[PDB]
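Asks: Structure incoming, see below.
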Amino acid sequence: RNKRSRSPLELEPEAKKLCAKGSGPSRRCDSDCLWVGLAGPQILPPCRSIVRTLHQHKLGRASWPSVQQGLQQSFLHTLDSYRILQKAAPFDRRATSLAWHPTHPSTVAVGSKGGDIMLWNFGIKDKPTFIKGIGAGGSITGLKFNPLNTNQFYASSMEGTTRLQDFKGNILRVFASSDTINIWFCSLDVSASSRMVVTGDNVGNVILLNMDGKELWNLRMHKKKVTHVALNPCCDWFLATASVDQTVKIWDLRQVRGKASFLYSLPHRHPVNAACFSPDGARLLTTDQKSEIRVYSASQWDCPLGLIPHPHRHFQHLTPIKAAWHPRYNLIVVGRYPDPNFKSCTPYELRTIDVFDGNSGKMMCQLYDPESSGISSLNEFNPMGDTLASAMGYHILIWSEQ
Amino acid sequence: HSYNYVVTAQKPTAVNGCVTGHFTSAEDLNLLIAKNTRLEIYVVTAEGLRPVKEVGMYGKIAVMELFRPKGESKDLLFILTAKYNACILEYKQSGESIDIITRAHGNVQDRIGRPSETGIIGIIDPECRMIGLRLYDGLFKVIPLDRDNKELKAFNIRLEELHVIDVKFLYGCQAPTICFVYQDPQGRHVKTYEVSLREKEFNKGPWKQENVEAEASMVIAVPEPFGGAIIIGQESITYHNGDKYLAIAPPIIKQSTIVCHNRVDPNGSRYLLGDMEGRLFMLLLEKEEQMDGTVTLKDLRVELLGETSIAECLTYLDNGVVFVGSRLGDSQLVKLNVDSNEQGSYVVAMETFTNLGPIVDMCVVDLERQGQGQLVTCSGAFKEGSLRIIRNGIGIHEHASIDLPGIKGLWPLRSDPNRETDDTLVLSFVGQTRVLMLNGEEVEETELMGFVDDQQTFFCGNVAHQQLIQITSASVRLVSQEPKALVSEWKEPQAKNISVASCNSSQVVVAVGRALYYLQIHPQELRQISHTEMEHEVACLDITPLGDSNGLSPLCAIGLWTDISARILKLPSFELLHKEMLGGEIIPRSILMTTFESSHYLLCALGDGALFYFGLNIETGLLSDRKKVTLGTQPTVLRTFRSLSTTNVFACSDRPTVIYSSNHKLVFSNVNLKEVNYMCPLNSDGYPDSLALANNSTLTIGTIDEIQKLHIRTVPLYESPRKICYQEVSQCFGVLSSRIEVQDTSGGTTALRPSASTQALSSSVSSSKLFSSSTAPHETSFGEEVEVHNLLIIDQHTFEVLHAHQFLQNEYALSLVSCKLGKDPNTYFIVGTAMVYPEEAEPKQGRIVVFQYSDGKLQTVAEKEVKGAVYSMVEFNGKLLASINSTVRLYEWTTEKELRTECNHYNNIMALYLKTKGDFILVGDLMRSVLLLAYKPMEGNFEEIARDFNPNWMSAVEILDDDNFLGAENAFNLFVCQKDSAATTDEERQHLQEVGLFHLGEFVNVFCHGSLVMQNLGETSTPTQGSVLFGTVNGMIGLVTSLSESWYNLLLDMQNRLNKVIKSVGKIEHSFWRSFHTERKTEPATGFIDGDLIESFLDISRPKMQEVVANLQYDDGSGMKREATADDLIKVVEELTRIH
DNA sequence: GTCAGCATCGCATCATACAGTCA
DNA sequence: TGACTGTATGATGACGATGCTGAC
């Protein structure tokens, strides 16, 4: 009903539609009436142009969010021609972590489960820089850049060392230090604004540091593994850890510590993989371990706006699937692990990359190509938002248009 | 690196906010208008509007309401800005001093949260005990309004209805009650809550939930004798209280959505409505009483008043006068009759206020003033679509121009008081004089008894006690009236010549040789008093008595040759008082001492046209604040006389000037005339408040234009203009334009109103072309209202529409260039277009069509179709460079008159903005930021030199120089990119670095290089390099110019001190206000100097300048300047002001 | 032979069970 | 002697590459 009458307008000009499905379609209506079949030529002619909404913006009449929403349908359209895969570059011992280069649009970094990292940049045909690990307990978990000089990167390995190391191989000191063996970490995130680092491990306790020393943190953030942590870009000051518990718990770090003390903490069914703070810093993309994807708001962190069911299971030897926001847009990207048991629209439900609107929850696009049936559990758009890099098993996939 | 300078030239004319009440006093009614960053205030008068204070802010005014707390003497103004700075302001006047005082301020917000689409809305409630704010979806901010908190602490509370259209506080309720309209899957509904600050939360409202309409957009809280709220949607307006409800659906509404309301009578009997199509609506509520008296309602009435400008804001005043605030056109004072006119319509326009925005395109063109012109043309958009011509200085026109060689001086007079004015003009040739009587426009000579022909005078004109004075070069003469004779006539002992003069109504001096001799006037005779010697030859003279007439002067102004000094003298005791020696060997010419608004001034204006100015005190006659400025080269003469409600002082030269005062500082506004010599004030009864020019070749005479700093001419189109350019060889403009059309049901469209285009003298119409739309086009008539795009040829002088070309059905005109190409001598009009269909969101087909203009027919040549929308195009080395969707294609113009595609650049998402310098190309992309291409004279292809890696949604783009690139962004921010000058690797030289950032507070639509300022003529070198102008959506015009590293660092520390004393208004820190701020990030400025802050130094008091300079030694360098900078920096800030 | 169809191997969670402390 | 929390062990679901056969 209202979501199909709340889409192609988008809004200004307010004129056209307004009839509210013809002042109510006598409840649907019952039996035949449209339905979503002829929700087709309506959406086909949606907004009228852009070149006339742009002009409406150029006159200051149309509000910016109106535009940006009709500008992201200019996106999606090109994303429907992303369907081709410029490059792919592999290596043994499977892909686990993924990070883009903050500044550069052509370089990306990938981690292994064996301890081996690759700095891959393109438009160069020069060969990627590499680091060789231990190939056993060398699993990398959460790999991020160094916000100062890009030629350095932070990392969190199963070997037990959250380090700062150059791509030229040489370790530039170490942040965290286990001293035992039976423990290692699963998460890591930093920040340029508030100057911190963070790491969550598999026992539920987490550490936080400055980019210089500082071990003001170790307190248990819960029972069992911390699968993911993420700092708020616009808040800085704010933090959120998602993990196996069936709870995301948030925090603001700072004030409040004394154990069982944390602003919010929202529960779930099943384990969770991702927190993922938004570019704006307000929404959180929690992404569960069975189906269901949730989104809370900054208004009531307790209550979620709505759940998006979506088949992405857990598996011992399948890299955990984390969904992620798009920069620039309110889009959501996630790989698909099709599943024999649910409510599904479209047989035969292949494996693919899914994209929804964060304000709706509806699927706007899907990305798939044969010659590559692998499950992509990592995708995470580049900071310009013009390309997508999926980590898929032994492979690394570069989504562009060209 | 990059050091830049931004200054506001023409302030925004577009009216954002409007509100009425009693802000300055109780006895007076106030009009408050908001123009983006400007708050302007007015007092309503008898058939007029009186302006009293103009204060700017460090913000975009989002909320503006008048409200008076209980017990409070007065009326406070709550202002909320776009960056969420909140302030409560109060008006205070202490004699001459008027300042706006802030009772309470604070930047409330949520540290994180997404700003809702419809914008923020603020409501202050009738009882004035809280301020409600809707900043973010799902939360309701409420500000406890007691003076405490002076910091405006607020608390948010959960709003579970996530989607609110409009909200209002209610009147006459037992408790604070909110009334909003929200939307859920079941449609939109009206709902009430009680806002209790106890518990800091809501409580159950007096109402159950309803099911209003399906498109209700505006809520109005109706006061008593009632309560409850009327809800106006489109198609239907309804009333809602507790038990009762009222609903009407007049069919005169569905045509246009009504967008604004305003209470006429405070009781809430009747309201004014306005729509997007400028139609004005009355809304009447008729009340009811049972028995002796009760209260109720009996339907509504709408009666339909008439048509005004497009109301963004509406407000009623008194006596049927409504002020209409328009963003898309001029704001109006309008008068409401009880009797329709010929057209119907109770609406009649009182006054119109010029509104420049939205400026969708502007172009600097050098018409008229041949050498430089100065003019800036721009656009208005919609029914208020127009061209505005903007130029610096003031102009006059010559009604009668009789040729006349070799004059010197000229004078007015009228013998007869019974008419009461001045006639019979006189002018003097070399050695002789000539008298010319006034009647109509004819002058000639004729003959007047007693007027002396054989001799030339320096004085004439009527003089008190019914008489004329005429003092010649051989003697001094006096004239009688009724008999017209020569009672009294005076000579000097040795029959010498008269050299240096002066004179005045009640007294005169005549000098001769040296000294001053000093004369004095008695009834019909002389009787001189005392004598003079002084020091050698004296350079001219002025007696002018400072005051009403007066006409007796206690004062005498004079000059010298050797010492070169304008002295002032006591009378009749003379005696030197103030020395002041001046450097140079030039000599002082044309002195004077003026009076304007209590102020006490004088002027002295030497051989260079250079001129000095003082601020004075008459009591001691002592001069101070020593400063001079220089203009041109040619001699200046100095008269001085009146006109309406100002005063004037003006010098005469190659660049004829004028000096006044504005808000108690001076102003120098030039005139547009070529050459002036002698000229004289002539206020005739067939020429009310006019003036006569004498020139070297002819006379002049005319009426003089409106009194401003910037002159603006307006030619309404009555339809939206989009792009403009100049065709010098055709002496006319090309204007892409469009009108809305609507279906005629009988094929065709039958139009809507007579406007531009449809009134062209010749016109032409597009001709298909293929598409291909053939084989059953199969669209519809659905999606009514149609836009017809046009090209208009407009004369540069008469501004009459010469030619109108209509484009294809469903075509959008996007770009336009005037240029010639190849070895082809013809200058063309090239327009790039786009086809825009219902069925398609992205255009896939457009056209690059070439026109050539000859004798009003406008023939077509090229006509070339492309696959995509041509967004931008620009002349490029005899070639045409164009942007088609995601492609940057360079066309070549060949001898068979066809367009040929040389090379391509395919790597873009969508390229909208193209700018070029030399072989370099600056590409602006709505998505993937900025891109710098160059060109290859013998490869043809497109290398990609560098790119900015940081994503920016751009509105306009420009090239400052070879290595710096200016951009405007969607959040009202400015940024600059640079190619890395350091060779080193390839990596760094492929990365443009963002070195400049600055929050403009405005949305820039177009950049253009140029200036409205003359050259020099001292003291070239110039202090700043380059000059980039820009047009904005709110009608503001700004300037960007390059700076040296001395200055940027100079003015940067200078800003910081100024940022200590201002005084702020609202207490907003200038750094915060200028910090780069978008939805994702907040970062300081850097790379950008706010010129507005720097020139706003000239207005503080003298102990304040002294408060900064005395330590501005804390930094100032050595060489020949320290604290002497204290009058350097005024001479540096003078040096700023003149770049625009 | 390139391609179809089975073994085989590469520390994730939910569920059992004993110690280890901590206090 | 309750609690909380940390130790070598097991069922298990079902992706990847790697690899070996037999049977076309």
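We name chains A, B, ... following the order of the structure tokens; residues begin at 1 in each chain, and ligands are numbered from 1 as shown.
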Which of stretch 201-363 of chain A end up as strand (DSSP E) when DSSP is run on this backbone - answer as a PyMOL selection string?

Replies: chain A and resi 207-209+228-232+236-243+247-250+263-267+293-296+304-308+324-325+331-335+353-357+363

Asks: Write down, as a VMD selection string, each residue of chain A that has any atom within 7 Å of an atom of chain D, counting only C-alpha atoms (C1' of nucleotides).

Replies: chain A and resid 317 to 318 393

Asks: Create the file for the chosen residues now, containing C-alpha atoms and written as an mmCIF file, in the first residue's frame.

Replies:
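again-v9.cif was written with the following content:
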data_model
loop_
_atom_site.group_PDB
_atom_site.id
_atom_site.type_symbol
_atom_site.label_atom_id
_atom_site.label_comp_id
_atom_site.auth_asym_id
_atom_site.auth_seq_id
_atom_site.Cartn_x
_atom_site.Cartn_y
_atom_site.Cartn_z
ATOM 1 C CA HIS A 317 34.716 -22.360 7.334
ATOM 2 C CA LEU A 318 32.662 -19.599 5.761
ATOM 3 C CA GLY A 393 36.744 -17.302 -0.313
#

Asks: For residue B:593, work out the shell of residues within 7 Å, counting only C-alpha atoms (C1' of nucleotides) and skipping chain neighbours fewer than 6 positions away, then give it as JSON, numbers by chain.

Replies: {"B": [544, 601, 602, 603]}

Asks: Would you put the residues from that selection into a file with C-alpha atoms, as an mmCIF file, in the first residue's frame?

Replies:
data_model
loop_
_atom_site.group_PDB
_atom_site.id
_atom_site.type_symbol
_atom_site.label_atom_id
_atom_site.label_comp_id
_atom_site.auth_asym_id
_atom_site.auth_seq_id
_atom_site.Cartn_x
_atom_site.Cartn_y
_atom_site.Cartn_z
ATOM 1 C CA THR B 544 30.236 78.236 3.207
ATOM 2 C CA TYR B 601 33.095 67.782 7.357
ATOM 3 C CA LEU B 602 35.444 69.519 4.909
ATOM 4 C CA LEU B 603 37.150 68.714 1.590
#

Asks: Quick check: residues of chain B within 7 Å of chain A, only C-alpha atoms, returned as a ChimeraX atom specification.

Replies: /B:111-113,117,138-139,185,214-215,358,360,836-843,928,949,951,1005,1033,1079-1081

Asks: For chain C, list the residues within 10 Å of chain A, counting only C-alpha atoms (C1' of nucleotides), and write the list as a VMD selection string.

Replies: chain C and resid 10 to 13
